[PDB]
Amino acid sequence: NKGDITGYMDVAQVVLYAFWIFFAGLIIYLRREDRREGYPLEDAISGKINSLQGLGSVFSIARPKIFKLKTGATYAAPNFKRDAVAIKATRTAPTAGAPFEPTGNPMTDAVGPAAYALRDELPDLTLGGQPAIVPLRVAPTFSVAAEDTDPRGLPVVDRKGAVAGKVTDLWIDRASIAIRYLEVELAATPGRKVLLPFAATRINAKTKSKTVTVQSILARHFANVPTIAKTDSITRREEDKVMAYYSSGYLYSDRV
Amino acid sequence: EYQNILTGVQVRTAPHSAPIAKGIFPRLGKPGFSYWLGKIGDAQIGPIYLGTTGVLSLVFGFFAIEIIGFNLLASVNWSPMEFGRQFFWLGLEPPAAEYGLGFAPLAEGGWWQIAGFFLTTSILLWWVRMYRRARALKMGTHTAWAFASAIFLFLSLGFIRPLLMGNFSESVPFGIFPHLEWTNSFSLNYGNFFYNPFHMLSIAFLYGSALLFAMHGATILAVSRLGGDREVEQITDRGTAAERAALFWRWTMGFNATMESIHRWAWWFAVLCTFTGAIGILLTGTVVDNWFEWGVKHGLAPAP
Amino acid sequence: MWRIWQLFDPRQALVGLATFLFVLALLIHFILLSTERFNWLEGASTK
Amino acid sequence: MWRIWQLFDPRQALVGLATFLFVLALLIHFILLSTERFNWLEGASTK
Amino acid sequence: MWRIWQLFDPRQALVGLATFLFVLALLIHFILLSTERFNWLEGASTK
Amino acid sequence: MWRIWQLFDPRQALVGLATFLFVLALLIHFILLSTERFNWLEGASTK
Amino acid sequence: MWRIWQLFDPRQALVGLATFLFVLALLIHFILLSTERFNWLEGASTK
Amino acid sequence: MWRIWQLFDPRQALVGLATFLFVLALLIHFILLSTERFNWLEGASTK
Amino acid sequence: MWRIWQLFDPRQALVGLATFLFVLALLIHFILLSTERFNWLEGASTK
Amino acid sequence: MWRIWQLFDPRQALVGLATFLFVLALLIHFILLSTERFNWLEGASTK
Amino acid sequence: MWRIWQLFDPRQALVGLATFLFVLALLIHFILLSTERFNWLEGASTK
Amino acid sequence: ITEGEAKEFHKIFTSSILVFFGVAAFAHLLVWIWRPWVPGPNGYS
Amino acid sequence: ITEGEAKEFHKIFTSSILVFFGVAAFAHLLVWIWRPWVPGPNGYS
Amino acid sequence: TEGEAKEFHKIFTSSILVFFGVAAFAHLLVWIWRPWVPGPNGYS
Amino acid sequence: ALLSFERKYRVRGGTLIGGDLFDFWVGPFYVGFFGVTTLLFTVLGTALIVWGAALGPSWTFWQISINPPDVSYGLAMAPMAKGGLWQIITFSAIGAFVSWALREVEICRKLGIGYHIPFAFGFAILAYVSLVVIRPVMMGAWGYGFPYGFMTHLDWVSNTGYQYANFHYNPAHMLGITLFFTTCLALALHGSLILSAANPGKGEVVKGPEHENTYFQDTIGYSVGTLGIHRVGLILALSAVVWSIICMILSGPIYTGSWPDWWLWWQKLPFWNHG
Ligand code: 07D
Ligand SMILES: CCc1c(C)c2cc3nc(cc4[nH]c(c(CCC(=O)OC/C=C(\C)CC/C=C(\C)CC/C=C(\C)CCC=C(C)C)c4C)c4c5nc(cc1[nH]2)C(C)=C5C(=O)[C@@H]4C(=O)OC)C(C)=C3C(C)=O
Ligand SMILES: COC(C)(C)C\C=C/C(C)=C/C=C/C(C)=C/C=C/C(C)=C/C=C\C=C(C)\C=C\C=C(C)\C=C\C=C(C)\C=C\CC(C)(C)OC
Ligand SMILES: CCCCCCCCCCCCO[C@@H]1O[C@H](CO)[C@@H](O[C@H]2O[C@H](CO)[C@@H](O)[C@H](O)[C@H]2O)[C@H](O)[C@H]1O
Ligand SMILES: CCCCCCCCCCCCO[C@@H]1O[C@H](CO)[C@@H](O[C@H]2O[C@H](CO)[C@@H](O)[C@H](O)[C@H]2O)[C@H](O)[C@H]1O
Ligand SMILES: CCCCCCCCCCCCO[C@@H]1O[C@H](CO)[C@@H](O[C@H]2O[C@H](CO)[C@@H](O)[C@H](O)[C@H]2O)[C@H](O)[C@H]1O
Ligand SMILES: CCCCCCCCCCCCO[C@@H]1O[C@H](CO)[C@@H](O[C@H]2O[C@H](CO)[C@@H](O)[C@H](O)[C@H]2O)[C@H](O)[C@H]1O
Ligand SMILES: [Fe+3]
């Protein structure tokens, strides 16, 4: 009557169907944006570019958008830079859906939860073109705020209670003011130094004494933590490697 | 077992900010630090930028708020006690039907119209402020358009639908309980606002926004041990945090987003929540008198 | 008096003054429009 | 038109055709089922 | 006029055109189904 | 026709086809059950 | 007026023009459908 | 047909098939309990 | 007056002015359709 | 009063002035339309 | 009893005492204003 | 896939699909015998 | 922008604005001939 | 700069005056059509 | 069928139950024991929903409804024809949700990430359980749960809301609405800030965390931080769900009257109870 267009069809229904068309287009756009990393898909066994995909393939992958960096650098998304098919693991079954048996110590072989993305060897930059993740020694201005336990010199122990080492230095992000890493000197090897992510620590400020505990890896696992080069500025690949190694603890912290 | 839900150890440094052209106005606010905010997020407070558009928006908004509060206090004969008693029930009511879209007497809705105009102007000037602040920092204006969606819903509720009906009588009052009562009576007058399909779409997108911002928050907190909280850096250089975030949802759900595109989903769900809502508000009364009868006609109801 | 601009930046003073005067004038015109006597467009009779 | 397979991979065209024609067959069947005349399950009278 | 295909990938153009044409055809068919006169399934009389 | 398995893996084809056939059979059985004439459980007279 | 394409990308401008024209045409068609006089599906009388 | 176990591992396909069979059997029993003739617990008369 | 394009880029100025003019034209047309006298689709009598 | 441009920036001042003038023009036009005497689109009788 | 002042510095102690006493005075005065007998402003009769 | 198994798989698939189609056809024939599903121009008298 | 291309853009922009204003003025004159939009003292009719 | 302010003001004032002249002509025409200051007995 | 980086984390282990039996993938999905169980419950519940649609009079997707048993049955199991099907679908839905969350736990262990996502999903499962189990049990009948239907569960929402004559006046409902709206606003702001930082315009190199902090320091006066924003967003959504659960437990099990006149307590505090 008042709002109809043709007998049964009215304005509200037409606007609804217009929204449905727009939402289908928006879903297509959002899925195109989603398919900007890890695409196109590879075969599970051989690794050839194959996938059960229809007429939407032409619309599935977007043209590489270009990200500009404040160093002259550039990222392409999608960049069709893929991983090698042969990893340090073997198929439990040759059925393309089976999982992988690691063929070694997966902590130091970067297999599974220990696997780290193959990033670039450049530290995160600040607004001034300098490394963002730095030790507190080479950032005199930065200081640990009061009313919080200072995690310097506290014993670093695992869940079993064994004192893995001692913390000497804190590594912090300059871009976002927060602690990133604790520098830990090994009680077993003074000549060895490791980085333990701050996200992997408990404050433990409420106990008989003050200590730093880690629930992921055991004390001996601190003897194989990946090392870094500059000791005062850490690249993205190095930090990603260290975090992946520490995060691999929970799955297989007691052998494989 | 740490979770990155609270920051046990905080860091405090010399406050600093990205460089902007000086302009007519400087940065204002003598930045300080707070402890609970630093426990949940960053600790620094301010400084707030107050440009020409900022001054304009603040003046218009303050004028509107003072008009609204003066009217609310005057409605209870300036009694602070009785103002406390009725504060939730107090409301600046819109002008009646007979006055159309013209100026009503101040007591009969003129103050409501003046306050609504000043509030609309301040909100639009705040939108311009968000746009200009994003452009000044050499950034994109996604926040401005996300805000424009909400402004569309606000103007549809307060101004656009009155324009279409030629009448401010059915606009929403300036009160705590009165605006809820407006919501209830608007739904009742137009037949079970559940049967509005754009209301259903808006509820779907509100539920989806909560769902998405729980999924995404929990995902980033789950990969925060892997540098996953540093989302823009994982967007420009994909780390293993982003890879595991994608693979979790790919294995549990069949598909996944990018660290960049998940926020496109986040943007669009929030924007659509209010876009469909504004459309549904603009459609009621003008095109669809009774949403229950529309639902009966179109198969949403069992046709009593 | 002559040094009022040695404490206030003339750009900020002018912008704030213009904003306040514009909003106040708009408010006054709106209030007169909301009257049976000073609404010059409705033009209701004095008597 | 034998050349269109230079543009369209046979796997992609075949999967897309399968899905599209299945959905269209469902749609047409459901439309027929919602009609008074061609709903072959209740078999309502023509006259 | 043969130059348009230098602007657009023929796969993109063809798939998009097929999508647009099918959606438009579905739209028109449903609009006709909504009318009393052109609905061929209930077939209301012309009179 | 046998070249179809040079496009499609047989294992995933079998599992997907089994799932699709089972869902279709469930759908048709349920549709018949909702039908007055073809509900073999309620069993109303066809006369 | 041939220098406009030195400012606007022919592909992007042509796509945007096509989409804008399609939406405008669709809206005009639905507006005419809404009116009594120009609805060509019901076909109401001029008088 | 003895070769099907090359396509599907018995140790897991068997358990998945057992789960599917249990679901189907329990669904059919629920459907029968929902009826009026084949509900052996209600035991409603056929006459 | 040619120096104004010194301050403003021809391309952004063109797109902004184009959108502004189209939106204003749409608004004026919708206003006219809202008025009884100037609705050319309903065609109400001048009397 | 030529030094008014030695304080503020011509480009931002011009865009702000154009936006403000257009918004004020829209507001005055809308107010006039909302009045019976000065609504030039509706039939406006002086008496 | 003077030993209070080496745990509570007089700055915070006195500001807290001032806020507490002022809030309590406001409370008691308002409570009296809510009662008819003691509302010294409305001044309802004792009887 | 290796073509050396496609010959066997297609023959098994063809045999099984004909078996499935024949069983379905016999079931449809039985249902039609019990109750046909194509009404005449009066309904289901 | 470069002053040399600024002159050319200003020239042909001025021509285009003249064209748009002329077409719009013709449209307004046609509408006014059809139905004027400035009412008289006693309304319209 | 401030040197360009002279020419900017030279053209800005001419634009101000032409815009104001068009606006004033519009106001004069509207006042002929319908003046907007009512008298003691309202409008007539 | 794998992402460019997928065939590196597809290791075994990380499963709570099943050992190596179901530790595999089907297409993109990980199955596990709890994927099998969520298929078990989903297939059965969906089949029962379609069966109730067949027993229903519509087949109209928006008019298909599974109703809970009438309140005259109390907390008793109901006959499948009249009420029992809703109960079985409820139990199947609970089992499927729990299986989904547990499968998410296994995936989290396999990828070595935190268990935040299944914990957050636990709140949605709890909201559903409070709506179909906890509240009906406290109220004493299964007929206080909502029907499983597209538009009929909205009829349930409206009927129960107007049972207390205005359900807006439920203060826990006000707080849940505030949290939901604030979650939507915060999600809009966060997605917008991330997109604007990643896509700053022509030229316009990608901005860092300092630019993102500066934007909201200038516009609002405070910036939460690129890590704390996900914290506050997850807490906002979970708290919205918690306060919705609270407002629905308060209505019926605890409060059985008009919510609007619950607020008279506020009207009659002793320092303005003018009487
Ligand atoms: C008896 C009531 C009846 C009942 C049936 C029912 C029930 C439900 N509903 Mg509904 N609702 C009914 C009526 C009804 N409902 C809505 C709206 C929604 C949307 C709002 C989205 C939003 O974010 O809004 C909120 C966003 C706005 C209003 C837009 C942005 C606001 C801005 C920028 C304000 C800026 C402010 C300042 C700067 C501050 C200073 C100003 C001052 C001091 C004055 C959302 C999806 C939503 C949800 C649900 C659910 C979940 C349910 C359940 C579970 O039952 N409802 C609005 C709408 O869009 O409708 C299409 C609307 O107008 C309207 C009406 C009349
Ligand atoms: C996707 C849809 C989503 C939905 C669900 C959603 C809902 C609601 N969003 C709501 C409120 C606001 N939203 C905002 C801002 C505007 C501020 C304003 O207008 O100030 C302009 C007004 C005023 C100036 C008037 C008063 C002023 C006061 C109280 C101060 C007076 C005193 C003074 C000046 C003196 C003292 C101080 C000195 C310094 C001297 C407010 C807080 C904004 C945004 N929403 C977005 C989106 C969404 N908003 C996005 C993307 C945003 C922005 O960009 C923008 C912003 O700044 O966000 C941080 C409300 C009430 C909502 C509900 C539920 O109803
Ligand atoms: C700082 O304050 C101190 C004094 C403490 C206290 C002051 C004030 C107080 C206590 C204020 C409290 C205010 C409250 C409780 C406000 C509640 C507000 C709510 C909930 C509002 C909710 C919705 C209202 C909306 C959405 C209204 C929208 C109205 C609009 C958009 C109207 C626009 C109208 C226009 C543009 C009118 C045009 C017509 C004319 C011709 C008049 O325009 C010139
Ligand atoms: C008329 C009815 C009521 C509506 C209010 C109309 C007046 C208020 C809105 C006018 C339009 C504002 O539009 C905006 O104006 C301000 C100046 O004021 C300008 O912006 C200016 O202030 C900003 C503040 O961040 C500074 O960077 C700089 O001093 C300058 O750019 C913008 O370039 C213009 O986009
Ligand atoms: C996987 C197997 C799928 C099998 C699918 C089989 C599809 C075809 C089945 C129906 C074939 C047609 O079947 C035929 O239909 C005509 C209607 O024109 C009917 O015709 C017969 O019955 C009707 C009344 O019921 C009489 O009016 C008519 O005179 C008589 O000849 C019969 O029902 C049958 O003779
Ligand atoms: C360039 C494109 C855009 C162009 C926009 C410009 C449009 C200008 C329109 C108004 C111009 C003035 O138009 C003039 O108005 C006067 C009122 O003062 C009208 O007034 C005259 O005609 C009306 C018609 O009913 C009589 O009732 C009235 O007594 C008489 O004075 C004239 O008929 C008209 O010629
Ligand atoms: C940039 C634009 C600037 C616009 C400036 C506008 C200035 C306004 C000038 C007002 C001139 C006064 O002109 C005088 O006013 C009186 C009221 O006092 C009005 O009085 C007259 O009109 C009214 C109403 O139509 C009637 O009662 C009667 O016809 C007569 O009294 C007339 O209009 C005129 O006689
Ligand atoms: Fe994020």
# chains A, B, ... in the order shown; residues from 1 in each chain; ligands from 1
>>> residues_near_ligand(ligand="ligand 6", cutoff="8 Å", atoms="only C-alpha atoms and all ligand atoms", output="PyMOL selection string")
(chain M and resi 21-22+24-29+36-44) or (chain N and resi 29-30+32-34)
>>> residues_near_ligand(ligand="ligand 4", cutoff="9 Å", atoms="only C-alpha atoms and all ligand atoms", output="MDAnalysis selection string")
(chainID B and resid 21:25 49:57 60 117:118 120:122 124:125 128:133 136) or (chainID C and resid 15 19 22:23 26) or (chainID J and resid 8:9 11:28)
>>> calpha_fit_and_write(fixed="chain M", moving="chain L", output="PDB file with N, CA and C atoms, in the first residue's frame")
ATOM      1  N   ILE L   1      51.473  23.725  -7.365  1.00  0.00           N
ATOM      2  CA  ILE L   1      51.625  22.993  -8.614  1.00  0.00           C
ATOM      3  C   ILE L   1      52.480  23.803  -9.579  1.00  0.00           C
ATOM      4  N   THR L   2      53.019  23.134 -10.598  1.00  0.00           N
ATOM      5  CA  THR L   2      53.730  23.834 -11.657  1.00  0.00           C
ATOM      6  C   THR L   2      52.802  24.838 -12.326  1.00  0.00           C
ATOM      7  N   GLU L   3      53.259  26.088 -12.427  1.00  0.00           N
ATOM      8  CA  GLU L   3      52.426  27.127 -13.016  1.00  0.00           C
ATOM      9  C   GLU L   3      52.237  26.923 -14.514  1.00  0.00           C
ATOM     10  N   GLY L   4      53.108  26.143 -15.153  1.00  0.00           N
ATOM     11  CA  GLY L   4      53.015  25.890 -16.581  1.00  0.00           C
ATOM     12  C   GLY L   4      51.777  25.132 -17.011  1.00  0.00           C
ATOM     13  N   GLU L   5      51.036  24.549 -16.068  1.00  0.00           N
ATOM     14  CA  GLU L   5      49.763  23.913 -16.366  1.00  0.00           C
ATOM     15  C   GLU L   5      48.566  24.646 -15.777  1.00  0.00           C
ATOM     16  N   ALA L   6      48.785  25.628 -14.896  1.00  0.00           N
ATOM     17  CA  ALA L   6      47.676  26.389 -14.332  1.00  0.00           C
ATOM     18  C   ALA L   6      46.958  27.210 -15.394  1.00  0.00           C
ATOM     19  N   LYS L   7      47.702  27.777 -16.346  1.00  0.00           N
ATOM     20  CA  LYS L   7      47.082  28.507 -17.448  1.00  0.00           C
ATOM     21  C   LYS L   7      46.094  27.632 -18.208  1.00  0.00           C
ATOM     22  N   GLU L   8      46.486  26.397 -18.516  1.00  0.00           N
ATOM     23  CA  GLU L   8      45.596  25.508 -19.252  1.00  0.00           C
ATOM     24  C   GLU L   8      44.437  25.046 -18.379  1.00  0.00           C
ATOM     25  N   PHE L   9      44.727  24.683 -17.126  1.00  0.00           N
ATOM     26  CA  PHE L   9      43.686  24.138 -16.264  1.00  0.00           C
ATOM     27  C   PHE L   9      42.616  25.173 -15.962  1.00  0.00           C
ATOM     28  N   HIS L  10      43.005  26.431 -15.735  1.00  0.00           N
ATOM     29  CA  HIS L  10      42.004  27.444 -15.428  1.00  0.00           C
ATOM     30  C   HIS L  10      41.114  27.727 -16.627  1.00  0.00           C
ATOM     31  N   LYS L  11      41.674  27.724 -17.839  1.00  0.00           N
ATOM     32  CA  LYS L  11      40.840  27.947 -19.015  1.00  0.00           C
ATOM     33  C   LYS L  11      39.870  26.792 -19.228  1.00  0.00           C
ATOM     34  N   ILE L  12      40.336  25.553 -19.039  1.00  0.00           N
ATOM     35  CA  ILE L  12      39.423  24.415 -19.138  1.00  0.00           C
ATOM     36  C   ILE L  12      38.349  24.502 -18.060  1.00  0.00           C
ATOM     37  N   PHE L  13      38.746  24.866 -16.839  1.00  0.00           N
ATOM     38  CA  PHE L  13      37.806  24.990 -15.733  1.00  0.00           C
ATOM     39  C   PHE L  13      36.769  26.068 -16.013  1.00  0.00           C
ATOM     40  N   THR L  14      37.202  27.207 -16.553  1.00  0.00           N
ATOM     41  CA  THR L  14      36.271  28.282 -16.876  1.00  0.00           C
ATOM     42  C   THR L  14      35.298  27.863 -17.970  1.00  0.00           C
ATOM     43  N   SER L  15      35.799  27.235 -19.036  1.00  0.00           N
ATOM     44  CA  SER L  15      34.900  26.783 -20.094  1.00  0.00           C
ATOM     45  C   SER L  15      33.879  25.793 -19.547  1.00  0.00           C
ATOM     46  N   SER L  16      34.343  24.814 -18.770  1.00  0.00           N
ATOM     47  CA  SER L  16      33.446  23.785 -18.259  1.00  0.00           C
ATOM     48  C   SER L  16      32.460  24.350 -17.245  1.00  0.00           C
ATOM     49  N   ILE L  17      32.893  25.301 -16.413  1.00  0.00           N
ATOM     50  CA  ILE L  17      31.979  25.875 -15.433  1.00  0.00           C
ATOM     51  C   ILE L  17      30.937  26.750 -16.113  1.00  0.00           C
ATOM     52  N   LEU L  18      31.308  27.488 -17.166  1.00  0.00           N
ATOM     53  CA  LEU L  18      30.285  28.198 -17.929  1.00  0.00           C
ATOM     54  C   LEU L  18      29.326  27.238 -18.616  1.00  0.00           C
ATOM     55  N   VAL L  19      29.820  26.112 -19.130  1.00  0.00           N
ATOM     56  CA  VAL L  19      28.931  25.131 -19.753  1.00  0.00           C
ATOM     57  C   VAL L  19      27.944  24.580 -18.728  1.00  0.00           C
ATOM     58  N   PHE L  20      28.453  24.200 -17.554  1.00  0.00           N
ATOM     59  CA  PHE L  20      27.604  23.663 -16.494  1.00  0.00           C
ATOM     60  C   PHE L  20      26.585  24.698 -16.026  1.00  0.00           C
ATOM     61  N   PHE L  21      27.023  25.947 -15.850  1.00  0.00           N
ATOM     62  CA  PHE L  21      26.116  27.005 -15.423  1.00  0.00           C
ATOM     63  C   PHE L  21      25.048  27.274 -16.472  1.00  0.00           C
ATOM     64  N   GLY L  22      25.421  27.273 -17.753  1.00  0.00           N
ATOM     65  CA  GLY L  22      24.441  27.506 -18.800  1.00  0.00           C
ATOM     66  C   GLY L  22      23.423  26.389 -18.909  1.00  0.00           C
ATOM     67  N   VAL L  23      23.875  25.139 -18.780  1.00  0.00           N
ATOM     68  CA  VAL L  23      22.944  24.015 -18.794  1.00  0.00           C
ATOM     69  C   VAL L  23      21.991  24.102 -17.610  1.00  0.00           C
ATOM     70  N   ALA L  24      22.519  24.421 -16.425  1.00  0.00           N
ATOM     71  CA  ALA L  24      21.660  24.577 -15.257  1.00  0.00           C
ATOM     72  C   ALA L  24      20.682  25.731 -15.437  1.00  0.00           C
ATOM     73  N   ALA L  25      21.133  26.835 -16.036  1.00  0.00           N
ATOM     74  CA  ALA L  25      20.256  27.979 -16.250  1.00  0.00           C
ATOM     75  C   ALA L  25      19.134  27.642 -17.218  1.00  0.00           C
ATOM     76  N   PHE L  26      19.446  26.894 -18.277  1.00  0.00           N
ATOM     77  CA  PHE L  26      18.410  26.495 -19.220  1.00  0.00           C
ATOM     78  C   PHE L  26      17.425  25.524 -18.575  1.00  0.00           C
ATOM     79  N   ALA L  27      17.918  24.607 -17.737  1.00  0.00           N
ATOM     80  CA  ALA L  27      17.022  23.717 -17.004  1.00  0.00           C
ATOM     81  C   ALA L  27      16.122  24.492 -16.049  1.00  0.00           C
ATOM     82  N   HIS L  28      16.679  25.478 -15.345  1.00  0.00           N
ATOM     83  CA  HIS L  28      15.876  26.288 -14.436  1.00  0.00           C
ATOM     84  C   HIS L  28      14.842  27.102 -15.196  1.00  0.00           C
ATOM     85  N   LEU L  29      15.220  27.633 -16.358  1.00  0.00           N
ATOM     86  CA  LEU L  29      14.266  28.348 -17.194  1.00  0.00           C
ATOM     87  C   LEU L  29      13.125  27.435 -17.621  1.00  0.00           C
ATOM     88  N   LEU L  30      13.447  26.202 -18.021  1.00  0.00           N
ATOM     89  CA  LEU L  30      12.401  25.261 -18.414  1.00  0.00           C
ATOM     90  C   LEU L  30      11.479  24.926 -17.250  1.00  0.00           C
ATOM     91  N   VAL L  31      12.042  24.700 -16.061  1.00  0.00           N
ATOM     92  CA  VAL L  31      11.202  24.395 -14.906  1.00  0.00           C
ATOM     93  C   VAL L  31      10.311  25.582 -14.568  1.00  0.00           C
ATOM     94  N   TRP L  32      10.867  26.796 -14.600  1.00  0.00           N
ATOM     95  CA  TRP L  32      10.068  27.983 -14.318  1.00  0.00           C
ATOM     96  C   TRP L  32       8.939  28.133 -15.325  1.00  0.00           C
ATOM     97  N   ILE L  33       9.220  27.857 -16.597  1.00  0.00           N
ATOM     98  CA  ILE L  33       8.174  27.889 -17.611  1.00  0.00           C
ATOM     99  C   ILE L  33       7.092  26.870 -17.285  1.00  0.00           C
ATOM    100  N   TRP L  34       7.495  25.656 -16.902  1.00  0.00           N
ATOM    101  CA  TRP L  34       6.522  24.636 -16.525  1.00  0.00           C
ATOM    102  C   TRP L  34       5.794  25.012 -15.239  1.00  0.00           C
ATOM    103  N   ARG L  35       6.543  25.338 -14.186  1.00  0.00           N
ATOM    104  CA  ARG L  35       5.969  25.700 -12.894  1.00  0.00           C
ATOM    105  C   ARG L  35       6.899  26.643 -12.144  1.00  0.00           C
ATOM    106  N   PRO L  36       6.540  27.918 -12.015  1.00  0.00           N
ATOM    107  CA  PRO L  36       7.371  28.841 -11.238  1.00  0.00           C
ATOM    108  C   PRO L  36       7.346  28.491  -9.760  1.00  0.00           C
ATOM    109  N   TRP L  37       8.425  28.853  -9.066  1.00  0.00           N
ATOM    110  CA  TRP L  37       8.596  28.497  -7.663  1.00  0.00           C
ATOM    111  C   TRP L  37       8.604  29.710  -6.738  1.00  0.00           C
ATOM    112  N   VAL L  38       7.977  30.809  -7.141  1.00  0.00           N
ATOM    113  CA  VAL L  38       7.893  31.994  -6.290  1.00  0.00           C
ATOM    114  C   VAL L  38       6.432  32.405  -6.165  1.00  0.00           C
ATOM    115  N   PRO L  39       5.768  32.087  -5.057  1.00  0.00           N
ATOM    116  CA  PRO L  39       4.334  32.366  -4.948  1.00  0.00           C
ATOM    117  C   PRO L  39       4.033  33.852  -4.840  1.00  0.00           C
ATOM    118  N   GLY L  40       2.841  34.219  -5.303  1.00  0.00           N
ATOM    119  CA  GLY L  40       2.329  35.555  -5.115  1.00  0.00           C
ATOM    120  C   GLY L  40       1.657  35.674  -3.765  1.00  0.00           C
ATOM    121  N   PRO L  41       1.047  36.820  -3.483  1.00  0.00           N
ATOM    122  CA  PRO L  41       0.447  37.006  -2.157  1.00  0.00           C
ATOM    123  C   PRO L  41      -0.947  36.414  -2.074  1.00  0.00           C
ATOM    124  N   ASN L  42      -1.113  35.236  -2.672  1.00  0.00           N
ATOM    125  CA  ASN L  42      -2.295  34.401  -2.486  1.00  0.00           C
ATOM    126  C   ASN L  42      -1.979  32.920  -2.406  1.00  0.00           C
ATOM    127  N   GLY L  43      -0.779  32.494  -2.787  1.00  0.00           N
ATOM    128  CA  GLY L  43      -0.432  31.092  -2.813  1.00  0.00           C
ATOM    129  C   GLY L  43      -0.050  30.608  -4.195  1.00  0.00           C
ATOM    130  N   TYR L  44      -0.629  29.481  -4.597  1.00  0.00           N
ATOM    131  CA  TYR L  44      -0.345  28.847  -5.878  1.00  0.00           C
ATOM    132  C   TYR L  44      -1.616  28.596  -6.675  1.00  0.00           C
ATOM    133  N   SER L  45      -2.464  29.614  -6.778  1.00  0.00           N
ATOM    134  CA  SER L  45      -3.662  29.539  -7.601  1.00  0.00           C
ATOM    135  C   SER L  45      -3.290  29.465  -9.078  1.00  0.00           C
TER     136      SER L  45
END
>>> residues_near_ligand(ligand="ligand 3", cutoff="6 Å", atoms="only C-alpha atoms and all ligand atoms", output="VMD selection string")
(chain B and resid 65 to 66 68 to 69 101 to 103 113 to 114 116 to 117 120 154 to 155 157 to 159 172 to 176 179) or (chain J and resid 31)
>>> residues_near_ligand(ligand="ligand 7", cutoff="12 Å", atoms="only C-alpha atoms and all ligand atoms", output="ChimeraX atom specification")
/C:38,40-46 /J:37,46-47 /M:41 /N:17,19-44
>>> residues_near_ligand(ligand="ligand 8", cutoff="12 Å", atoms="only C-alpha atoms and all ligand atoms", output="PyMOL selection string")
(chain B and resi 212-221+223-224+228-235+242+245+257-267) or (chain O and resi 186-195+197-198+212+225-234)
>>> residues_near_ligand(ligand="ligand 2", cutoff="6 Å", atoms="only C-alpha atoms and all ligand atoms", output="list in words")
residues 57, 58, 61, 62, 122, 123, 126, 143, 144, 146, 147, 150, 270, 271 and 274 of chain B; 181, 184, 185, 188, 189 and 220 of chain O
>>> residues_around(residues="residue 248 in chain A", least_positions_apart="6", cutoff="7 Å", atoms="only C-alpha atoms", output="number ranges by chain")
A: 107, 113-114; O: 112
>>> atom_distance(atom1="CA of residue 196 in chain O", atom2="CA of residue 141 in chain B")
6.2 Å
>>> select_by_dssp(residues="chain K", states="helix (DSSP H, G or I)", output="VMD selection string")
chain K and resid 2 to 6 10 to 34
>>> atom_distance(atom1="CA of residue 6 in chain B", atom2="CA of residue 208 in chain B")
26.0 Å
>>> atom_distance(atom1="CA of residue 211 in chain B", atom2="CA of residue 216 in chain O")
24.2 Å
